[PDB]
Amino acid sequence: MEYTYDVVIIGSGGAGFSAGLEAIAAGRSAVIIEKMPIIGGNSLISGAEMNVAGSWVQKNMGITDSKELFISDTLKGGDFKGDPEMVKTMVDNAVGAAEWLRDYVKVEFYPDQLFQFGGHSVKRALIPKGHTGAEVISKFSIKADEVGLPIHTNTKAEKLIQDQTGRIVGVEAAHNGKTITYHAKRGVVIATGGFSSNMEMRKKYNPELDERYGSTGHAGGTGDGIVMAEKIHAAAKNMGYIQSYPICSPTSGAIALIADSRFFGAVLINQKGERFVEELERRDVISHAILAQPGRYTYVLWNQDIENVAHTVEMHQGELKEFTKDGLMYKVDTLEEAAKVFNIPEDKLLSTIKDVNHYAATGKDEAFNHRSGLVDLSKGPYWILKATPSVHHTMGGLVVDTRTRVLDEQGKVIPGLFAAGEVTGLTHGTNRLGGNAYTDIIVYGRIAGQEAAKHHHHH
Ligand SMILES: Nc1ncnc2c1ncn2[C@@H]1O[C@H](COP(=O)(O)OP(=O)(O)O)[C@@H](O)[C@H]1O
Ligand SMILES: [Cl-]
Ligand SMILES: [Cl-]
Ligand SMILES: [Cl-]
Ligand SMILES: [Cl-]
Ligand SMILES: [Cl-]
C-alpha cells in the first residue's frame with residue numbers, strides 16, 4: 001500500500017496539527033501519520049498553557065510585558081544554552097500563534113486569568129478551557145476534519161526515504177504489521193515529540209538520571225523522529241539535558257496539575273515545617289531542592305483564597321479524588337490540622353506561615369524572594385499535598401534553523417525535511433520554562449507546514 005501527498009506530517013500533537021492545518025491552508029494535500037491509536041501526544045495530557053508577551057488577556061488584566069523580557073526570561077532559564085534566534089522567533093510569533101488558535105482553530109482561553117510559571121518575570125501564560133490540552137486537541141481534530149486533513153492512526157513512521165540528491169521524498173511506516181509508503185512531493189515534517197518515555201535513550205544520554213519512577217508521560221514519546229533523522233545524517237544537540245517536573249505524585253511520578261496553585265501563592269513546606277526554595281524558581285532548581293529535603297519530598301499548601309483565583313482543585317477533580325483516597329492530599333479547616341495530617345511540627349509550620357503572611361502584606365519575601373509575591377494563608381480551609389520530583393521532559397533533539405529546516409552534521413539543510421516541536425533541541429537550553437513548550441510547538445509547527453507547502457514539487 002502507498003499514498004502520495006504534498007506534505008507528510010509525522011505526529012498528531014500540537015506541532016503536527018499546526019503544520020497540517022497550515023499545509024492545507026496553502027492549498028496543498030497533506031496527511032498526519034500517528035503511531036498510537038489515538039491522537040494528541042504529550043500536547044493532550046499537558047496543562048497546555050501557552051506563554052505570550054503582549055496578549056489580549058494581558059491587556060484585559062492590565063499586565064505589562066515585552067518581547068525583550070520574555071526572550072530574556074527564556075534564555076536565562078536555560079542557562080543561555082538555547083539558540084537565541086530560535087527563542088527570538090518563538091517570542092516574535094507567539095501573539096500570532098495564540099490568536100490563530102483562538103480565531104482559526106476556535107480554542108477557548110480564559111479571558112481574565114494567566115499563569116506565571118517558574119522562571120517568568122510576569123504572568124504571561126494563556127489558559128485553555130479546562131486547564132489541559134483536551135480542549136486544544138479536540139478543537140484541532142474538529143478543524144482537521146472540517147478542512148479534509150486525514151489522520152492515519154496506528155501508523156508508525158520507521159524510515160525516511162531519501163533520493164540520490166539527498167532530498168527527503170517520503171516515509172515508510174508500519175501499519176498492522178505491513179509497510180506503507182508515503183510519498184511526500186513537497187516535504188516531510190517530523191513532529192514526533194520528545195523521548196522521555198524511551199527508558200533506554202534516557203540511560204544512554206544521561207546515565208545519572210533519577211530512576212525512582214518509570215515514565216508517566218505519553219507512551220509515544222520515544223525518540224523515533226531523532227533516530228530516523230540521524231540515520232540520514234541529521235544533527236542532534238543537547239541530548240543529555242533531561243528535566244524533572246518538581247511536583248509529582250510520590251507513588252507514580254505523574255505530574256500533579258492540581259498543584260498549579262503554586263503559580264498563585266501556594267507554598268512548598270518540608271517535613272520540618274519550613275520553606276526551603278522559591279516557589280517560582282526554575283523546575284531544575286526546585287527539583288534539586290526538594291530532593292535535598294527530608295525524605296526527598298515536599299508538601300504543597302494552599303487555601304480557599306488561592307483556589308478562588310486559581311481554580312486548580314475545581315479543574316482537576318480526578319487528581320483530587322485519587323490523591324485523597326491514597327492519603328497523599330487532605331482538605332482541612334486549620335493550619336494545625338494541616339500539620340497534624342502529615343506529621344509536620346505544629347509550632348514550626350505556624351511560625352513559617354506567620355512569616356508568609358507578613359511577606360505577603362509587604363510584598364517582600366525575605367526568605368526566598370518570591371518573584372510575584374506571597375499570598376496570605378491565615379484563613380482556611382486548606383489543601384495540603386505530598387509531592388516529589390520526577391523525570392518528564394527532554395531538552396535535546398534535532399537541529400533545525402528558524403525556518404524548521406533540518407540540518408545535517410555540517411550544518412547544511414537536508415532538502416525536503418522539516419521538524420517542529422518537542423522533537424527539536426534548540427529552544428529550551430538546559431531547562432525548559434513552563435508554558436514555553438506550547439509556544440514553541442505552535443509557532444514552529446505553523447512554520448514547518450508553511451515551509452513544507454512552499455517547497456518545490458519533487459519531479
Ligand atoms: N514513529 C512515529 N510515527 C508516528 N507518530 C509518532 C512516532 N513517534 C511519535 N509519534 C507521535 O508524535 C506525537 C507527538 O506529539 P507530542 O508529544 O504532543 O509532541 P509536540 O508537543 O512536539 O507536538 C505523539 O502523538 C506520538 O505518538
Ligand atoms: Cl514588546
Ligand atoms: Cl514551572
Ligand atoms: Cl547534552
Ligand atoms: Cl484530574
Ligand atoms: Cl512542559
Side-chain angles (χ1 to χ4, degrees), residues 8-20 31-55 58 64-72 88 91-92 94-95 117-119 124-125 133 136-137 140 151-160 171-175 180 182 188-198 217-229 243-245 255 257 283 392-395 397-398 419-425 427-428 431-445 448:
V8 175
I9 302 98
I10 313 174
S12 68
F17 268 112
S18 294
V31 66
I32 297 173
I33 63 172
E34 167 59 51
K35 171 173 67 176
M36 305 305 285
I38 61 163
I39 64 174
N42 185 60
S43 292
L44 175 63
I45 63 176
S46 175
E49 296 82 20
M50 178 180 182
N51 293 311
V52 177
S55 72
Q58 287 173 323
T64 298
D65 199 358
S66 70
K67 292 193 295 176
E68 179 190 71
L69 185 61
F70 184 9
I71 291 167
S72 174
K88 177 181 199 318
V91 170
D92 281 346
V95 166
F117 286 108
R124 67 167 63 100
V136 179
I137 298 302
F140 267 134
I151 304 166
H152 296 178
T153 55
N154 286 327
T155 299
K156 182 177 184 183
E158 292 186 323
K159 184 184 176 177
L160 298 172
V171 181
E172 290 185 355
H175 179 63
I180 318 292
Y182 288 83
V188 174
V189 179
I190 303 175
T192 47
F195 69 94
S196 69
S197 301
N198 187 326
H218 182 255
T222 55
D224 304 343
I226 299 171
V227 174
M228 279 187 286
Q243 177 179 76
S244 294
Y245 187 71
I255 290 167
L257 296 177
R283 288 169 173 187
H392 273 281
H393 309 292
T394 49
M395 308 295 93
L398 295 178
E422 296 182 270
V423 71
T424 71
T427 303
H428 301 298
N431 178 75
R432 177 192 292 182
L433 302 185
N436 274 1
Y438 247 80
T439 313
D440 181 65
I441 73 187
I442 308 299
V443 165
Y444 288 113

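Numbering of ligands and ligand atoms starts at 1, following listing order. Along the sequence shown, residues are numbered consecutively beginning with 1.
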Picking from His393, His218, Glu422, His392, what satisfies side-chain hydrogen bond (donor to acceptor under 3.5 Å, both in side chains) with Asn42?
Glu422
Provide the full list of salt bridge (charged side-chain N to carboxylate O under 4.0 Å, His left out) pairs with a residue in residues 40-51, sequence neighbours left out, each pair given once.
none
Does a donor on one side chain and an acceptor on the other come within less than 3.5 Å for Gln243 and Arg283?
yes
Rounding to 0.5 Å, atoms CZ (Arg124) and OG1 (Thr439) come to a distance of 9.5 Å
Fit a plane to each ring of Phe140 and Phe17, take the angle between them on a 0 to 90° scale, and name the class: parallel (under 30°), tilted (30 to 60°) or perpendicular (over 60°).
parallel
Quick one, list the residues around ligand 1 where some non-hydrogen atom comes in under 4.0 Å, by chain and residue number.
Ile10, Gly11, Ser12, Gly13, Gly14, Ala15, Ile33, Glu34, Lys35, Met36, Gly40, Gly41, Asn42, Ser43, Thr155, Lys156, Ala157, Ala191, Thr192, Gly193, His218, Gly220, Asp224, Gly421, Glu422, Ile441
Would you name the heavy atoms of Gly397 and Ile226 that are closest together and state the gap between them?
CA-CD1, 3.8 Å
